[PDB]
Amino acid sequence: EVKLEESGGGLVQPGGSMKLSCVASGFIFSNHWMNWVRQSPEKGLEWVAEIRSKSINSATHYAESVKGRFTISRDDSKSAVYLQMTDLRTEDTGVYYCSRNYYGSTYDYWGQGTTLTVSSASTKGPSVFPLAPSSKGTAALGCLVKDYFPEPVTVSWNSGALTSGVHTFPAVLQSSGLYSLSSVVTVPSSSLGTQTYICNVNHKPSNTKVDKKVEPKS
Amino acid sequence: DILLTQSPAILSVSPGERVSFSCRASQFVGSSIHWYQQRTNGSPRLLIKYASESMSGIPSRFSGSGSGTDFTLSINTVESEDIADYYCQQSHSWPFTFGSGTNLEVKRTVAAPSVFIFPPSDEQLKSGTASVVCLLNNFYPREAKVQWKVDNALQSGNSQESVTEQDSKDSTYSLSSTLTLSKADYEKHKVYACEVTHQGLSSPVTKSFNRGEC
């Protein structure tokens, strides 16, 4: 079985540097052309860099958007390909895949991807505010999880006992550079006077854990 | 670079339907178009090479056709494991480039959103900020229009929307629209209203509240 396994992603400030690595197995590594391809919501899939086989002087090729800033290399004794990045930009943010290109045609094998986040935001835990069930069948309530960085947070309800009807929305980046999301749940109106509802928020990058009891507003 | 235009961006498929999607190159690319599948949280997977050649181990319901500039991927009866994004890629000339992708989603009958509005909490107000949240729960299709009105003034530029992935059990979407103001701006006005337009509603739904009343 062919396997490509990337590592080295993470958080870095603009102007920063970071090196990605990929280890291959299941094919004759030194015969083949190894690539980095990145993916972002704004630009989709973009080829980044290629290093060809030593038999053809192991030539390197770069996308214009990274030329002069990124360096691709390989160590055939380790079945490894590397991507050294420098002068990083916010728009370099994305998921970086190691990939084999079959001699100038398809990208016929891909890794699992490693995430690069280029941002000047400081690591920070969220504030959690109740979305109280309206005093006016089915009721909706939730928690607003505001101003944290970086991703992700996890949200459960009643320590995981409540899962049906929960919607934890994807985070949105605010102009401040911090993320915000809401987690909401629909429950029977009749249960508001008999059942407590608590959202459990965990933000591991800041070692923040918050339990917020959500109740009707008096 | 050669640009690949994929259409539609979103294709809705009923279970059992035969579907196809399109990839158009901005110049001649011969037969050098390759197709990939990417499931949620997964990596791209090569399905079809050189416009029409299926890869070994790929199911027979996938087939591709086309040459020159216009290419088509077809799935003769979609299965649930085919719900994914699909990308084309050209290797006719350097650098190699990818289309923007077609998302395949589950088609179901129309379902109207259930709409809820949440005032900012007292706790948040004490911090200097007010977030007003409008929730659209379990609706289909995904297209919806949400407009904020503050003392009858239509708001622009101060809200953000977020949409869930399609629900695995009922195939609906949910959406949040969050209006963010400073505390001072929030306290300058009284009536906060979210107006929701959706195909499933016989008339647009407004949920509103008066600031500081309950």
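Just checking, does segment B:137-145 include any residue being among the acidic types (D, E), closer than 27 Å to B:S14 by Cα and either assigned by CATH to the domain that holds B:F116 or crowded, with 19+ Cβ neighbours inside 10 Å (or both)?
The answer is yes; a qualifying residue exists.
If a residue must be farther than 18 Å from A:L4 by Cβ and exposed (fewer than 15 other Cβ atoms within 10 Å of the Cβ), how many such residues does segment A:66-82 contain?
2
If you check B:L181 against the conditions, is it part of a strand (DSSP E or B) and touching a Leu at 6+ places or on another chain (Cβ under 6 Å)?
Values: part of a strand (DSSP E or B): yes; touching a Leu at 6+ places or on another chain (Cβ under 6 Å): no.
Criteria not met by B:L181.
Any idea how many residues of segment A:104-120 are within 8 Å of chain B (Cβ to nearest Cβ) and more than 19 Å from B:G42 (Cα to Cα)?
Result for segment A:104-120: 2.
Among the candidates B:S176, B:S93, which residue alone is more than 22 Å from B:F21 (Cβ to Cβ) and assigned to a strand (DSSP E or B)?
Values: B:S93 fails: assigned to a strand (DSSP E or B).
Checking each option against the conditions leaves just B:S176.
Kindly provide the set of residues from segment A:31-58 that are more than 19 Å from A:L20 (Cα to Cα) and of a type in the set (A, V, I, L, M), ordered by number.
The one that is more than 19 Å from A:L20 (Cα to Cα) and of a type in the set (A, V, I, L, M): A:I56.
Failed condition for B:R142, given (1) under 18 Å from A:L144 (Cβ atoms); (2) touching an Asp or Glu at 6+ places or on another chain (Cβ under 9 Å); (3) of a type in the set (K, R), with all others met?
For B:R142, the exception is condition (1).
Report whether or not B:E143 is in a strand (DSSP E or B) and either under 15 Å from the mean Cα position of the chain (by Cα) or closer than 21 Å to A:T138 by Cα (or both).
Working: in a strand (DSSP E or B): no; either under 15 Å from the mean Cα position of the chain (by Cα) or closer than 21 Å to A:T138 by Cα (or both): yes.
In short, no.
Filter segment B:76-134 down to residues that are away from chain A (no Cβ under 14 Å) and among the basic types (K, R) and give me whichever is farthest from the chain's Cα centre (by Cα).
B:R108
Mind checking whether some residue in segment A:37-58 is under 17 Å from the mean Cα position of the chain (by Cα) and aliphatic (A, V, I, L, M)?
yes
Out of segment B:9-45, which residues are under 23 Å from the mean Cα position of the chain (by Cα), outside any loop (DSSP other than H, G, I, E, B) and under 25 Å from B:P95 (Cα atoms)?
The first filter runs over segment B:9-45 and keeps only residues under 23 Å from the mean Cα position of the chain (by Cα), leaving B:9-24, B:35-45.
The next check asks that each one be outside any loop (DSSP other than H, G, I, E, B); those that pass are B:10-13, B:19-24, B:35-38, B:45.
Correct list: B:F21, B:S22, B:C23, B:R24, B:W35, B:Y36, B:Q37, B:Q38, B:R45.
Taking the condition of being within 18 Å of B:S159 (Cα to Cα), at the interface with chain B (Cβ under 9 Å from one of its Cβ atoms) and over 22 Å from the mean Cα position of the chain (by Cα), how many residues in segment A:142-183 meet it?
Total satisfying the criteria: 0.
Provide a single number: the residues in segment A:22-56 that are farther than 17 Å from A:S79 by Cα and not in a strand (DSSP E or B).
4
Evaluate segment A:70-93: report whether one residue or more is at positive phi and assigned by CATH to the domain that holds A:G8. Let's see the steps before the verdict.
Here is the first cut: in segment A:70-93, the ones at positive phi are A:79, A:87.
Okay, now just the ones that are also assigned by CATH to the domain that holds A:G8, so A:79, A:87.
Yes; the residues of segment A:70-93 include at least one that is at positive phi and assigned by CATH to the domain that holds A:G8.
Scan segment B:184-202 for residues that are more than 15 Å from B:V110 (Cβ to Cβ) and in a loop (DSSP other than H, G, I, E, B) and jot them down.
Of segment B:184-202, the ones more than 15 Å from B:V110 (Cβ to Cβ) are B:184-195.
Passing the criteria: B:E187, B:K188, B:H189, B:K190.
Given the condition within 14 Å of chain A (Cβ to nearest Cβ), closer than 26 Å to A:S218 by Cβ and either surrounded by 15 or more Cβ atoms within 10 Å (Cβ to Cβ) or out of contact with any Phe, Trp or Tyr (no Cβ under 7 Å at 6 or more places or on another chain) (or both), answer yes or no: does some residue in segment B:155-172 qualify?
no
Does any residue of segment A:6-29 turn out to be acidic (D, E) and exposed (fewer than 13 other Cβ atoms within 10 Å of the Cβ)?
Taking segment A:6-29 as the starting set, the residues that turn out to be acidic (D, E) are A:6.
Filter once more, keeping what is exposed (fewer than 13 other Cβ atoms within 10 Å of the Cβ): none.
Looking through segment A:6-29, none of the residues is acidic (D, E) and exposed (fewer than 13 other Cβ atoms within 10 Å of the Cβ).
Specify which of the listed residues (A:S218, A:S189) is among the hydroxyl-bearing types (S, T, Y) and within 10 Å of chain B (Cβ to nearest Cβ).
Numbers: A:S189 fails: within 10 Å of chain B (Cβ to nearest Cβ).
None of the other options fit; the residue is A:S218.
Looking at B:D122, is it acidic (D, E), in contact with a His (Cβ under 8 Å, 6 or more places away or on another chain) and surrounded by fewer than 22 Cβ atoms within 10 Å (Cβ to Cβ)?
Working: acidic (D, E): yes; in contact with a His (Cβ under 8 Å, 6 or more places away or on another chain): no; surrounded by fewer than 22 Cβ atoms within 10 Å (Cβ to Cβ): yes.
Answer is no for this residue.
Filter segment A:83-107 down to residues that are over 27 Å from A:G16 (Cα atoms) and surrounded by fewer than 18 Cβ atoms within 10 Å (Cβ to Cβ), then give me how many there are.
4
For B:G30, indicate whether it is under 25 Å from A:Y62 (Cα atoms) and small (G, A, S).
Yes, satisfied.
Can we say B:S131 is surrounded by 13 or more Cβ atoms within 10 Å (Cβ to Cβ) and either assigned by CATH to the domain that holds B:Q37 or part of a loop (DSSP other than H, G, I, E, B) (or both)? Walk me through it before giving the result.
On the way: surrounded by 13 or more Cβ atoms within 10 Å (Cβ to Cβ): yes; either assigned by CATH to the domain that holds B:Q37 or part of a loop (DSSP other than H, G, I, E, B) (or both): no.
Taking the combined requirement at face value, the residue does not satisfy it.
Basis: the model, the stated rules and, where named, an outside source; no laboratory read-out is quoted. Neighbour counts are summed over all protein chains in view; Cβ atoms, including those assigned to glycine, are modelled from backbone coordinates with ideal geometry.
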